[PDB]
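Take a look at the structure set out below.
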There are 2 protein chains.
Amino acid sequence: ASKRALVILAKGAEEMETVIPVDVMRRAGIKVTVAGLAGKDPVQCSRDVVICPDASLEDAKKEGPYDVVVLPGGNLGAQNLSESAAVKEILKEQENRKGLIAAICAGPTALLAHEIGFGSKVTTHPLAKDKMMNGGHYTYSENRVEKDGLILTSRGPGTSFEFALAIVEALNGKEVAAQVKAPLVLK
Amino acid sequence: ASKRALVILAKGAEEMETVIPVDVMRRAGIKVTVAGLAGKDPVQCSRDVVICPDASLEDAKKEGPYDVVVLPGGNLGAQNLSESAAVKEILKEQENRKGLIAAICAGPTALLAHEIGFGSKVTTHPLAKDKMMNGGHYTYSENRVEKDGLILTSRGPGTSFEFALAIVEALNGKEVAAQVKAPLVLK
Ligand SMILES: [Cl-]
Ligand SMILES: [Cl-]
Ligand SMILES: [Zn+2]
Ligand SMILES: [Zn+2]
């Protein structure tokens, strides 16, 4: 049976950090739902790329559970994720059921906002470190991708492929991740 | 004055190869127009990401000239670009006026279709080599990004950042490309 991914898409999300994981996960045969935080309407990303989500979050959250919940970054996208009661509930459920949570760039700061995964080793974008580390609830890493059990984090646009492939490996295994990786022409 | 980029977005385009250059060029202060080949309506990309273009190609081509014309890849996107009389005319004009043309992955095969840049050294995705090389009108390269004067090509999703930064360097210079690059957390 195919694994399922929920990608939560908010206004101001970093479009690269959204699209790269969606695409790579779909290459890995994962059923990806791109869910609009605000509703069903198109989402204006940080660099003005406009993406039409597959469903509202309100609807998509009724079709869980998901094998991974993915939080893109983008400063303003992450803030929107951080403020969302709906996101809080989704991440708490995902944590409670021992499901994977993956967050990139400023995305992990939503984990702090919703008190998720405290005690984990995590990375973020360098500019989001101080926000993430407020209170000392995580241990900081400078690895490009950091996986501490069911909390998987990464640093920025330029780590998006490694982040996505890490999600693929966690869900579908090392062999599928390698197979998906080879046609991408990664260095 | 700000440089201008036309990114031609067809059904079946590779969404990563579309979004990465758009975003990175906008970081570099380039005015990017994402133009829908088929018209103004949202475009279903190769991995089902749906992007709302800024304008139809029909409209955007009236607001030229552009400092670069960018052709994303994706097998079916590139075929759509290759079949387009409108694209043919845009690329011929761009070539005639000595403007940059940038194409990635299967995207360069549209150059062959429209008889653009013959004699250039070019790269493509490995799987698109034989198509591109039909007739021997180009010289093939395995470099991740190949720039032969005003013809700039690259290989795949995983070379999209290097491709985008090469476009930035060609338009706005090495210093701006370096400045844009550093926050991306590229390896
Ligand atoms: Cl941002
Ligand atoms: Cl493709
Ligand atoms: Zn980011
Ligand atoms: Zn491609």
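The residue numbers of chain A are those assigned by Swiss-Prot, with the residues present covering 2-188 sequentially.
How was it done? The header gives X-ray crystallography, 1.8 Å.
Cβ coordinates are placed from backbone N, Cα and C, and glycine is handled just like the others.
According to Swiss-Prot, the protein carries these features:
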- A:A2: N-acetylalanine (MOD_RES)
- A:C46: S-palmitoyl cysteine (LIPID)
- A:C53: S-palmitoyl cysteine (LIPID)
- A:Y67: phosphotyrosine (MOD_RES)
- A:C106: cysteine sulfinic acid (-SO2H) (MOD_RES)
- A:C106: active site, nucleophile (ACT_SITE)
- A:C106: S-palmitoyl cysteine (LIPID)
- A:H126: active site (ACT_SITE)
- A:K130: SUMO cross-link (CROSSLNK)
- A:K148: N6-acetyllysine (MOD_RES)
- A:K182: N6-succinyllysine (MOD_RES)
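Proximity to chain B (Cβ-Cβ under 8 A) holds for A:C53 out of the recorded positions A:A2, A:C53, A:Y67, A:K130, A:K148.
Considering only the recorded positions A:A2, A:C53, A:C106, A:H126, A:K130, A:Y67 (phosphotyrosine) has A:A2 as its nearest partner by CA-CA distance. Scoring each of the recorded positions (A:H126, A:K148, A:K182) by how many neighbouring Cβ atoms lie within 10 Å, the top position goes to A:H126. Between the CA atoms of A:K130 (SUMO cross-link) and the residue listed as 'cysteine sulfinic acid (-SO2H)' there is a gap of 10 Å. The Cβ neighbour count for A:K130 (SUMO cross-link), using a 10 Å radius over every protein chain in view, is 17.
The highest number of surrounding Cβ atoms within 10 Å, among the recorded positions A:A2, A:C46, A:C53, A:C106, is found at A:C106. Mapped onto three states, the DSSP output places the residue listed as 'N-acetylalanine' in coil. Rounded to a whole number, the distance between the Cα atoms of A:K182 (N6-succinyllysine) and A:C53 (S-palmitoyl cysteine) is 26 Å. On a Cα basis, A:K148 (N6-acetyllysine) lies 26 Å away from A:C46 (S-palmitoyl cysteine). Listed in sequence order, the recorded positions among A:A2, A:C53, A:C106, A:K130, A:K148, A:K182 whose CB lies under 6 angstroms from an atom of ligand 3 come out as A:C106. Note: the Cα of A:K148 (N6-acetyllysine) and the Cα of the residue listed as 'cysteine sulfinic acid (-SO2H)' are spaced 14 Å from each other. Of the recorded residues, the residue listed as 'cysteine sulfinic acid (-SO2H)' and A:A2 (N-acetylalanine) place their C-alpha atoms 30 Å from one another. Taken residue by residue with DSSP, A:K130 (SUMO cross-link) is part of a helix. Note: the CA-CA distance between A:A2 (N-acetylalanine) and A:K182 (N6-succinyllysine) rounds to 21 Å. Each residue contributes its Cα atom, and for A:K182 (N6-succinyllysine) and A:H126 (active site) these two points are 23 Å apart.
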